[PDB]
Structure formats: structure tokens, C-alpha cells
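Just one chain follows, in the form deposited in one PDB entry, and it is written as C-alpha cells.
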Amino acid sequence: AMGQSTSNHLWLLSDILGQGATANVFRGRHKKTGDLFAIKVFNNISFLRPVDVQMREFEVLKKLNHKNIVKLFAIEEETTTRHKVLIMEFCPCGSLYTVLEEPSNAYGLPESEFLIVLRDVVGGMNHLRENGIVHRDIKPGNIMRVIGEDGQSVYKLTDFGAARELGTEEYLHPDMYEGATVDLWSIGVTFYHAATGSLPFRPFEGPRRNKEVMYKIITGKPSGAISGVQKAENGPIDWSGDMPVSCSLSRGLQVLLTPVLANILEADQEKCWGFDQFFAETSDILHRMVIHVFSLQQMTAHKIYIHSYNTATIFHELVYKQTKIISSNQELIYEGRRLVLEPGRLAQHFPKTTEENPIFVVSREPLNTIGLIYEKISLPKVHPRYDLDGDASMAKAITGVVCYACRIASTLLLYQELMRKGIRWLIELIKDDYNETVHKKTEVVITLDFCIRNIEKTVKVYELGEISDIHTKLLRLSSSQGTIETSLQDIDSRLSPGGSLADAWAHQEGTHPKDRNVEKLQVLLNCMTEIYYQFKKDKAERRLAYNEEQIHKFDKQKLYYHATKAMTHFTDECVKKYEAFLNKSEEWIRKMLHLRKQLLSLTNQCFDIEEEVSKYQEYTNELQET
């Protein structure tokens, strides 16, 4: 074998991790402890030979300590070549680029993981600003990832400060492509990339020979837009000031994220934010807590980004901006019961919200049932070419699509299981509004009983005009009360099991966790992703043996069969059942809004008559005489 060594460290040249322009990164261990470290060996060191200036540049990075920055442990010299070797912190998981290489993140990172990336990157750059050093060359490849003690990812920076001695091509500022504006540029490109899984500004044949057109895209500067992609060869550029539909981010977050990118992605130094403005808006998002809310009327889940110190007034406002529901009509349901929120109640004392257990929202005004809005992405055509590079690229693509389909499928199941809960709670919450009307009826019933037989007694002792008038008046009330008594039993007949309102259809329509459709999709998805990582190990081998050449061709054909089998099961089973559940949901809503309209009126026809039987009890029942 072949491996370099040091006074305290040693490493094989086969354990290469990073191939830079100035230095190379190797997986190395310590001679004594055996603990793994990152070995940064300086290549091309001869025309410089610094032992005075650069030495102190390494003595400053040593004491530089932060959670969002890869730690530099020591500066040692190679045994033979006497090259300056940096003992860096080893990150077993890799970088942000490695994460984006996964098909599960082909259409953007998970929302929770994205918030971690945002939090760490901002914290890292801010710490570098405190020391004055500017990075600019901030790429997902320069953002390492480690697993913290709590299992959550922690992102760190590393490849910075190499501008004094010497941005990435797809992360270059237009004026830099030819202040701190050029630094904040690549950050937005990184942030968009992490949220989309794709670059913001893409030509047709990629950023290579057609990258001459790519510079025209950036210099085009459409201000508010954050995406410039041509869907055809040397055609027009499709602009967009919003994020793709395939984005895995919630609607609440996109509203806050969009203006951040738009104000850091333009050539104008007068329209672009500074690091203070950038830090302010970013820190604002990171501080906010999440309130899970599922609108039963629209069959849509929502994530309201609000501060803990904000009141319920702003909460109802934010819900309206995402659901188009007036605050005075936003009726809340939680944990099976109705939930009343005070206009000035802080967000710290809000109930425990989860994607699986949120705060349902029901309204009285008619709302169209929308459901989940996603992008219909079909499988890409697989070419019979043997191109190992192309076989690895298309493997990442075709697997990412199925990942998206499996992502939507689990969400479609989420919406249905959430629907069954909200409906089950609602019908029982309606019964609560039925039991109160009964108790608000019996109070009127007893009232007339001690008003009828009290005036029927006064006249049976044996004037007549007043007697007959009240008698007729009380009869027109006890009768009108009689029909309401019966019509409420009709409502109770509706609330009864199998009473044209029961949720028997909800358990007999869409898909259920018993079907295990997501697990079935994952099985095929595992078969594909296994082949994918294998094709990565085939691309690195440049060429394969005859035996491995055939296996590569076999698995490539089985990659299509796996994807096709999964895509069929998704549309013909998961989707179709969802369409059926969505249909009978919009029907039951109308039948429910109609009922609540009845019960409301029938209840209001008890309060107005409660005041009518109050102006008679204090009248003839109590005459006057010395």
C-alpha cells in the first residue's frame, strides 16, 4: 500500500475526501490515540514557501472556535516532503453537496433539515464577520455536515480565507463573474439549491458551453424573480419570483423565504441587502415557532410561522393569509373539543401542535375543497446507451422522481387520516351544540308549563278578554315549540349512526395505513436507490469488467421496471383512492354546512321566544291590589 505519514498522523492516499486546487483532504488517523481526523495536505508548494506570514494565518484559525465551523487542530509537517499539513476535524457524513446527491432530496431538502442548514450557515458567516474574514466561495461542497449528540445534523464551514494566498462557477455574482454583495449572492444560490434541489439559473445544456447564455440570464436582472431557466435549446428564459410546486417546504415558510432570496439575488448594489439586513430577516424566521393547522373545509395542512410573543390576533391574521378565512369565522377544534382563544393570548401557551395532531379549522362560509396541490412528474426516458456517467445521472433522476411520488403518497395518506379525525371530532362537537339546545329548550318548556297551568287555574275559579288573549299567545308558542322539539329529533336522526351524515364513507373510500401503500412504494424505492449508489461505484471505476458490465446492464433495465411498477401503483391506487375520498368529502361538507345552518336557526328560535315568555310571566301572573 501507499500512505504518507507525520510526527503524529498517517493516512492512505486511497482515502481521498476532498480534491481542491491548492490542497487535498485525506481520511487520516492519529499514531497514538487512533482517532480519525481530516488531513489537509498542501499541493503546489514551492513558489511560495511561507514560514512567517502564513504561519500566523494558521495560528489565528487555531484559536478560532465555533459550532458552525470545522475545527483546525494542529499544523504539522510531512515526514518526507515537509509539506504543511493541516489537522482538520473529520466529518464522516460529508458535505451539503453529499446530502443533495441523495434522490430523497432531488426536489429539495425536508423542511426541518432546511431550517438547520439556514440556521448554521447564517451563524457561521456571522462569526466570520466578527473576525472580518469574508468567504464568498460558499458552496454546498464547502459546507460540511456532522451528526450532533442529539441526532440532529450540524453544518460547518471550512474552505475559506484562501483568497489572500490565491466563488464557485455556478455561484458567482454577475459583477464578480466578469461591497459584500458578491458574498451574499452565492448564499441565496445555495439556499435555493437546498430548497429546490436545483440551481436557480439554468441554461438548457447546462452551465458549460451554453454558459455564455447563462451570463445573459444573470445580467438580465428581473429584480423580484429568483429563477431563470430555459426549457429549450437557446430559447427564451422562463422567469419566476416564486418556488416550484415540487418544493417540500410548507406554504408558511415560502412566504418568508421568497423575499429574502429576492433581495440578495440581483446585480444592483442599491437594491441588495447588507449583512445586517440579511441577518435580521434570517434570524427573524429562525426564532419563530410553528403552529400546525389543518383546514377541514379545504383539506389542506398549514404551518403558521409565528413568534412566541405574538398574540392570537396576529395568529388569526396569518391563518387568513394562507386559508382566506376571516378571523371572525375561524372556528377552532383541538383534541376532540372546541378551542377558544383569547384575542391577546400569547403563543407560548398555545396547545401542543404536530403535523399528525394539529389545530383543525372549520368555517361557516362556503369554502372550496382544494386538497393537496403537487406537481405531476413522470419517469424520464432511459436510453440503451452504456454511458456509465449517464447511467449514474439518470439513476439519480429516476429515483428522485419515485422518491417524490412516495413523498406525496405519504402526504395523501396524512390528509385522509387527518380528515377522518376532524370529521369524527366535528360530529361529536355538533352533538355538544345539540345537547345545549335541548337544555335551552327544557328551560322554556318548564317556563310555559308554569305559565299555562298557572293562568288556566286563575280562570277555572269561576277580565275574560285578557284571559283569552294570553291563552292564545301561549298556545302559539307551545305549538311552535312543539315542532322545533320534533325537528331537533330529525337532526338527532341525522347525527345518529347511518343518518345521512355518519362518517361511514370516510373509512370506506380512500387509502388507509392498513394498505401499507407507502411501505410498498419504499420497497421498490430501496431496490432503486441501491442500484443508484452502485452506479456511483461504477462511474468512479471508469470502466468495468465483462461480468460487471453485464450486471450493470441488467440492473439498469430492472431500474426501469422498479420505477414503472411503483409509478403505476402510485397513480392507479394511491391517487385514484384519494380522488374518490376528495369527492365524497366535498359532498359531506355541503351536507354539514346545511345542518349547522338549521341547528343555528333552530337554536335562535329558542332565545327569542325565551324573552317572549319572560314578558308574560311578570305580567298577569302578578296583578296588583291593596
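Counting begins at 1, following the sequence as shown. We call the rigid core the largest set of C-alpha positions that still match within 1.5 Å between the two forms.
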{"property": "Residues with no coordinates between residue 178 and residue 179, taken from the deposited sequence as a class", "result": "10 or more"}
{"property": "Count class of coordinate-free deposited residues lying between the neighbours residue 166 and residue 167", "result": "10 or more"}
{"property": "Mean C-alpha B-factor comparison - 46-54 and 558-566, higher one", "result": "46-54"}
{"property": "Mean C-alpha temperature factor, higher of 403-411 and 77-85", "result": "77-85"}
{"property": "Candidate residues 349, 516, 251, 216, the one whose C-alpha B factor the record puts highest", "result": "216"}
{"property": "Residue of maximum C-alpha B factor among 354, 442, 198, 98, per deposited coordinates", "result": "442"}
{"property": "CA B-factor ranking of residue 474, expressed as a third of its chain", "result": "highest"}
{"property": "Third of the chain, ranked by Cα B-factor, where residue 386 sits", "result": "middle"}
{"property": "Cα B factor band for residue 598 (lowest, middle or highest third within the chain)", "result": "middle"}
{"property": "Relative C-alpha B-factor of residue 463, binned into the chain's lowest, middle or highest third", "result": "highest"}
{"property": "Position of residue 580 among the chain's modelled residues by C-alpha B-factor, lowest, middle or highest third", "result": "middle"}
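What follows is about the form deposited in another entry, which we do not show.
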query	finding
Core-superposed comparison between the shown form and the other one, residue 13 Cα displacement 2 Å or beyond	no
Exceeds or equals 2 Å, Cα of residue 22 between the shown form and the other one, core fit	yes
